[PDB]
C-alpha cells in the first residue's frame, strides 16, 4: 500500500515540481538524468540520482530497461512519469507491474481506451458525452474522406488518430485541397507517431479550448478540480492558461464538470487526467480528447483549488480515497504564462548560458522553474525556462499581478518570451476575453 520511494522518470521543470511534493510527503525522491542533464538543479535535491545514459535528447529517458534498472538499483517502489516521455507508454506501464513497481497513473486498459483519438470519440459517444460530428472511427482512405467531407460540410479538419503535440492535423477549406492535405497529414503522422491512421471532424471556427481536470481513485470516486481555458495557442500548442474559464456561465460550467466526471467513471479512470473540449459561440461544448496523465498547465488548477494534484496522484496510487467533491472549493483566478527560451516575435529557439537569473516572487506568485544563474538552456531540445503562475481574487487582479511578476523576471544571456506575455497582458482583446485558438494566427 504505502509508497516509500518514488523514481521520477522525467527531467526539467516537472522533475523538480514532483520532487518537492514527494519530499514534503516524507518519501524518497529518486531522479534520473542523461549525461546532458548532469547540470540539472533537482539532482542537487534528490535523495539519489542515477545516470541513465547518453544525451541523444529524449532517447535515454525513453530507454525502458535503463529506467527500470534505475528504479531497481535505487529500490524505488513506484515511478512518477510526469508528462511526455513514458507517461502514455502502455508497454512501460505493463513492465512496471511486471517488476512490482507501482506506476503512478491509470490502468493500461483505461489508457488504451483513450489512446486512439478516433476510437476514444466512439467510447465517449457510448458514454453520453457530446463529440464533434465527423467520421465514425478512422477514415479508410482519401476517397472515404472526400465522401464524408461533403456530407458534414466544409471546412473540415483531418486529425491523426495517434496524434499529439499539435502535429498531424490539416484544416481543409475546399474539396480541391482535400487529397493533398490528407497525404500531408498522413505522412507527418507516420513520421512522428509511427502510425498514419487519420480521422475527420467538422472544423469549429474560433473555438475556445477549455479542459476539465479530474482525478479518480480506486474506490470509483472521481472529482474535478475546475476547468482551464487554454485558447491562447500558437501552432495548436498552449502559451497561456487560466482558471476558471470566464467565458462560461455557471450552468455551462456545471454541465461541463459533470460531463467530465461522467466520462471518467464510464472508463474506470484512476489517477489524474484531463478532458479537453472545444466550446463554440453559443456555448455548446464537444469532447476532442482525453490526456491520461498530468498536464503541463496543472498548477493553475492547484492555485484556485488549494489541491496538490501530484500529492493526490500519489495518495490514489497508495489506495487512499480522494477528498469529497463538496470539500473542494474553487476560489479566485489563476493565470500561467509559459516562459521559453525563444524570441518573443519569431518564437525561434534561443539556446545558451543564462548569465543573469532573478525570478519574480511575492504574494501568490509561483515561478515553476529548474533554471538558475549560469545554467545552460538547450533550447533546441527543451526551450522551457519556467512556468510563471499567479493567483488573485479576480481576473483583472490576476492580470495585474502577472504584469508585475513578468516585469520582475530578469533573465540575460538568452532571449525569452517574457515580452510576448507582457504584450498579451496589455492587449485589450486578452483583457476583454475576445480571442480564440486562432487569434495569434491572424495577428
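Numbering follows the first chain given and starts at 1.
- For the pair 282-290 and 185-193, the mean Cα B-factor is higher in 185-193.
- Stretch comparison (50-58 versus 387-395) by mean CA B-factor in the PDB entry places 50-58 on top.
- Looking only at 344, 254, 334, 112, the residue with the top Cα B factor in the deposited structure is 112.
- Within the selection 250, 72, 302, 242, the deposited Cα B-factor values reach their highest point at 72.
- Residue-level temperature factors show residue 208 in the lowest third of its chain, judged at the C-alpha atom.
- For residue 220, the recorded CA B-factor ranks within the highest third of the chain. Only modelled residues enter the ranking.
- In the deposited entry, the Cα temperature factor of residue 37 places it in the middle third of its chain's modelled residues.
- Among the modelled residues of its chain, residue 104 has a C-alpha B-factor that falls in the lowest third, as given in the PDB entry.
- Compared with the other modelled residues of the chain, the Cα B-factor recorded for residue 13 ranks in the lowest third.
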